[PDB]
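Residue numbers (PDB author numbering), protein chains in the order written: chain B, 268 to 277, 293 to 320; chain Y, 93 to 276; chain X, 93 to 209, 220 to 276; chain C, 1242 to 1446; chain E, 1003 to 1036, 1069 to 1076; chain P, 134 to 265; chain V, 134 to 199; chain Z, 112 to 162. Quick reminder that beta carbons are idealized off the backbone N, C-alpha and C, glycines included. Read the structure below first, then the notes.
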Amino acid sequence: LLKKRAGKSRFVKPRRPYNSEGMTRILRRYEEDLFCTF
Amino acid sequence: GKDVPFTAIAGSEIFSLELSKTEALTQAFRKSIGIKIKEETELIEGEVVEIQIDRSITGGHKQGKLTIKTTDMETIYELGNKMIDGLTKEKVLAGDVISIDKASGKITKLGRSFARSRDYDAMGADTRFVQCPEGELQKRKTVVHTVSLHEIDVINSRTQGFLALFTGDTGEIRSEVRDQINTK
Amino acid sequence: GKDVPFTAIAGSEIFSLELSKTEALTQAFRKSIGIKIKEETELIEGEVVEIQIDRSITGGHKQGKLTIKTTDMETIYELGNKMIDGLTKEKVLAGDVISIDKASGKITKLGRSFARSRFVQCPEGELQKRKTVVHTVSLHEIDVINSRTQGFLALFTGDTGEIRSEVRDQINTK
Amino acid sequence: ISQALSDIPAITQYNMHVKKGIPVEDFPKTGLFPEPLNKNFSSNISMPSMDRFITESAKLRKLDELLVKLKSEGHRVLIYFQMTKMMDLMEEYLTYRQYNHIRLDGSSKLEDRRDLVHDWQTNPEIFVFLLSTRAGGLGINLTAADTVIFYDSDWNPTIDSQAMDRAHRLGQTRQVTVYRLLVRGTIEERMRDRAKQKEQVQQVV
Amino acid sequence: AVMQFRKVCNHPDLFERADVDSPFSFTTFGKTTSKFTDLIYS
Amino acid sequence: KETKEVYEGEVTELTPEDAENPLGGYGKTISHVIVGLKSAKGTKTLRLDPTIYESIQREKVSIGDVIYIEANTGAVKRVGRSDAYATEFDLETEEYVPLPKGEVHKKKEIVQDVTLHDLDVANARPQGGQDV
Amino acid sequence: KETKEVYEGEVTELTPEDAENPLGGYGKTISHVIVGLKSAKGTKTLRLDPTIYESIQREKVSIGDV
Amino acid sequence: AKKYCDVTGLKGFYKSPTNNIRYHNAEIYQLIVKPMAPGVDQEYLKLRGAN
DNA sequence: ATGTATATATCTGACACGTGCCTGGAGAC
DNA sequence: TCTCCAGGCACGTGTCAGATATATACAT
């Protein structure tokens, strides 16, 4: 019965991986800015 | 009228010390034949929100994310090298409404809409009060630009031919370049 | 015949824009005298049977055993790391025939042998052959080499550019 | 010279700077190679142009001419083929338009057909359908599509009528248009004339 | 003979495909006579 | 009728290994570069010299871009971004191409039509190697 | 003709201060830069963009320079 | 240590892979190293202690 | 009048790979 | 002889080779 039932009756793409290691960062927001250096 | 090339030269300009007479006449011939090319560009105008720019220690490698928004649509992006070099010029302070042409690579700051209160008093900024744009963030547009055959020849001739547009250092472009340009 | 230079220029060949007429005539004169040098070099040419290369996790040290054969004899060779680096570069597999310059590390693949299951016969005789090559060269070739303003590419791009006479007395005396 | 003509990787610059104490001033000089004009001008290897692929066949050119306004209309489109490799390179055209498409033929597995018809009848975001003449043109419920594109389906008018009846079924809520693309002055003219005379023979009797 | 007058109408790439466009490499390099593979410039 | 050795596929990983003494005067900054190339029905790991990596980073490739390493001259071509990832979040007027069919390592036959003057020009002014 | 707004003078005090919430994985997360200026009958300290400190490092600016 | 041919005491260039005896030129490999009896190898290499 | 030629289109049919598991071969005394 | 973990055995799913069929114009 299980074999008969199996034989008879049986999106949004991901973004690019952002990668940044050992890389200085500049942020720019509404009220403040950042400069993360090394 | 406009959009039609018109090369007006005298007789004495053919004799040159860098070019043969046939090369100068071939350049004068190819300056007068125009190619009108259509292009599909995208105009992105919106009030910017967060600008994240990631540069290396030497400052050569550059990548980052751009978060822009309008009244009805918020959308973050990804930045190339020329995009970051254009953003470093004409200083954006995270709240100035900008307009980006996708195919031309032109960054135009329309003005400031946020009207930031706390500001470091170092710049002489007197940016105009423009309004935050509403509607669709990304708009498709079809443009046409006119170039002539000599320009495409000099551009395809060598590595830095765009400088040879203006310096005139286009010395005897080979026949293979000309026939391949005709075929293309 | 061969081994003797024969320059064939025309009358209009010397009216150049970067070389003077006397410079072109001097180059045409010195192109037609040969220098004959016989030199001997050891070479290893044979058919490669099997290459075994073992390496660590980081590849700090590489040990390699290369068995190689001719129609007359075969041998196994232990290779250092530089020659392993010269064998994975210019990839040599089983059944290929190569010529190895032991002093300079120049390995040239002559093709594949008669094993299909290009094509060139397996070399015969001794593996380490002492070949004496009779080199001939023109004095104009040594003039641009001994002149330091231009390299050997001026023999091929034709941009020697008015070689001075002070190097010409040096190559004549040498 | 080679370090002058290119850049150091960023993680390598990080490892030399703060994990080895080397300051920025004593770094080797880098990035002196000039920028090319475009990304196209950066190398002399040219890929096969997709635009040269589509523009060299005029039937595909007319199909792409009508498909822009068909997508702007917000429609559902079926396309029927006879040849399997033309049924295989149409995905290369559809990836250029990044359209949502499915592929159905008799070489496919049988149990993919039932849920393929199911995601046809429930998911509305699907746009493009690729079918064979005798596989999808027989008795399959295609009630939410009206525009059937006959790329080369003129070989037998009975199979064309069956493929018409597979889509022109009951339950359609709007008008049905059938487009038939062909080139002129070819063997397709005589083949379509033979199909038309067979159609007249079938229609009379 | 039926195989060659029908799909010339559909697409010319059904017979021969468009290959990559590259300059002729005037080079004698190390080619292959066929957990990583070493790629060294030669 | 010229044969070509082609290594192409989508770049998955890009990990350079540094040198022991990068400021020793002689030698290179890095030792090798690990590149993970994945195409249709195949996935290969590539260990390179510095020299091929100079041309590879001359094209400004990254993670998720499909490349085309021609092993004849060492020249590489950035084919474009892959459409396995997102599409509508770019400002760099990019083009998106699917995964290359077949395995990563290839040997294909290209029929070239050149003249003798082109050979003389290419040998007179040499370009396309990976040297100075 | 052009109008140029300029600042000039000796450097009396120069220090970039960290932000109130330092970002992890980085050193010296700067929020703004305080630079003091001094000229003839003139002395003014001022706030600055944090990216200017990179050009300050590029220019070798210390206390006592103009 | 300098490699030497085990047949003649000469300068050994080649070592045979089948039986690990160094030899100097081709003909000792032809009529000595190839047709040698099994078991001759062990006191052939006993001189340099390679067994 | 009939073979056939060369590509379909379906369409099965026999064969090689990606997960569990347990127990005996390996390290140590 | 004590321990222990992964090597080989067992059980599933996809993927290239044969078989009938259309089919229509050409040649014998």
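Check	Outcome
Buried or exposed for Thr-1034(E), going by 16 or more other Cβ atoms inside 10 Å?	exposed
Would you mind telling me which residues of chain Z sit closer than 9 Å to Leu-229(X), beta carbon to beta carbon, in chain order?	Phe-124, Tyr-125 and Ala-137
Thinking C-alpha only, which one of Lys-128(Y), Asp-218(Y) and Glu-170(Y) is nearest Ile-145(Y)?	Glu-170(Y)
Could you check whether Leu-179(V) and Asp-213(Y) sit closer than 8 Å to each other, using their CB atoms as the reference points?	yes
Quick check on the burial criterion: 16 or more other C-beta atoms within 10 angstroms. Buried or exposed for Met-165(Y)?	exposed
Which same chain residues end up closer than 6 Å to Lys-154(X) when comparing Cβ atoms and leaving out the 5 residues on each side of it in sequence?	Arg-147, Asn-173 and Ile-176
Considering only residues of the same chain and omitting the five flanking positions on each side of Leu-268(B), which have a CB-CB separation below 6 Å?	none
Nearest to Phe-1391(C) by alpha carbon, out of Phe-1368(C), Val-1318(C) and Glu-1314(C)?	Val-1318(C)
DSSP beta-bridge partners for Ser-191(X)?	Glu-137(X) and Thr-200(X)
Suppose the cutoff is 8 Å on Cβ atoms and the five residues either side in sequence are ignored; what does the same chain contact list for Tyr-1420(C) look like?	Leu-1307, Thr-1388, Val-1389, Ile-1390 and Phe-1391
By the 10 Å Cβ neighbour count, where 16 or more other Cβ atoms means buried, how is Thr-150(X) classified, buried or exposed?	exposed
Using only the alpha-carbon positions, how far apart do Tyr-186(V) and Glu-142(Y) sit?	21 Å
Taking Cβ-Cβ distances shorter than 9 Å, what residues in chain E pair up with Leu-1246(C)?	The premise fails here: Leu-1246(C) is roughly 15 Å from chain E at the closest Cβ pair, so nothing lies under 9 Å.
Quick one: using the 10 Å Cβ neighbour count with 16 as the cut-off for buried, is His-238(P) buried or exposed?	buried
If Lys-174(P) and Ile-1286(C) are in contact, beta carbons under 8 Å, what's the gap, nearest whole angstrom?	Not quite, the Cβ-Cβ distance comes to about 23 Å (not below 8 Å), so this is no contact.
Any C-beta of chain X sitting closer than 8 Å to the C-beta of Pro-146(Z)?	no
Which residue comes first and which comes last in the beta strand (DSSP E) that contains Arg-232(Y)?	230-240
Relative to the C-alpha of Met-305(B), which residue among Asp-1356(C), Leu-1304(C) and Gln-1254(C) is closest?	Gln-1254(C)
From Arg-266(Y) to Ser-249(Y), what distance separates their C-alpha atoms?	8 Å
Cα-Cα, which of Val-1446(C), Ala-1385(C) and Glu-1429(C) is closest to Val-1004(E)?	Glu-1429(C)
Using a Cβ-Cβ cut-off of less than 7 Å, list which residues of the stretch 212-226 of chain Y approach chain V; keep chain order.	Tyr-212, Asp-213, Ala-214 and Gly-216
Let me make sure I understand the geometry here. Which of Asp-152(Z), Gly-150(Z) and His-135(Z) has the alpha-carbon closest to that of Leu-229(X)?	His-135(Z)
Taking 6 Å as the limit between beta carbons, can you name the residues of its chain near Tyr-218(P), skipping five residues before and five after?	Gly-197
Can you give me the start and stop residues for the beta strand (DSSP E) that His-1409(C) sits inside?	Premise fails: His-1409(C) is in no beta strand (DSSP E) and is neither H nor E.
Cα separation between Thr-162(P) and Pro-1250(C)?	9 Å
For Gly-178(Y), which three-state DSSP category applies?	helix
Which residue's Cα is closest to the Cα of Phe-1368(C): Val-1446(C), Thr-1414(C) and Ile-1320(C)?	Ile-1320(C)
Looking at the strands, I want to know which residues DSSP matches up with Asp-246(P).	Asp-246(P) pairs with nothing; no bridge assigned.
If contact means a Cβ-Cβ distance below 9 Å, which residues of the stretch 163-183 of chain X contact chain Z?	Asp-164, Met-165, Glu-166, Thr-167, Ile-168, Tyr-169 and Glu-170
Using a beta-carbon distance cut-off of less than 7 Å, what residues from the stretch 124-145 of chain X approach chain Z?	none
Assuming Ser-205(Y) and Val-189(Y) make a contact with CB atoms under 8 Å, what is their CB distance in whole Å?	5 Å
My guess is that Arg-1354(C) and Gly-1378(C) are in contact by the Cβ rule of under 8 Å, so how many angstroms apart are they, rounded?	Contact doesn't hold; Cβ gap of about 13 Å is too wide.
Residues of chain C with a CB under 9 Å from the CB of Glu-303(B): which are they?	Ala-1251, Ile-1252 and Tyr-1255
Per the contact definition of three or more C-beta pairs closer than 8 Å, is the stretch 123-142 of chain Z in contact with the stretch 124-133 of chain Y?	no
When the distance is taken between beta carbons, is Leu-1016(E) closer than 8 Å to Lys-1303(C)?	no
Quick one: give me the first and last residue of the beta strand (DSSP E) that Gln-155(Y) is part of.	154-161
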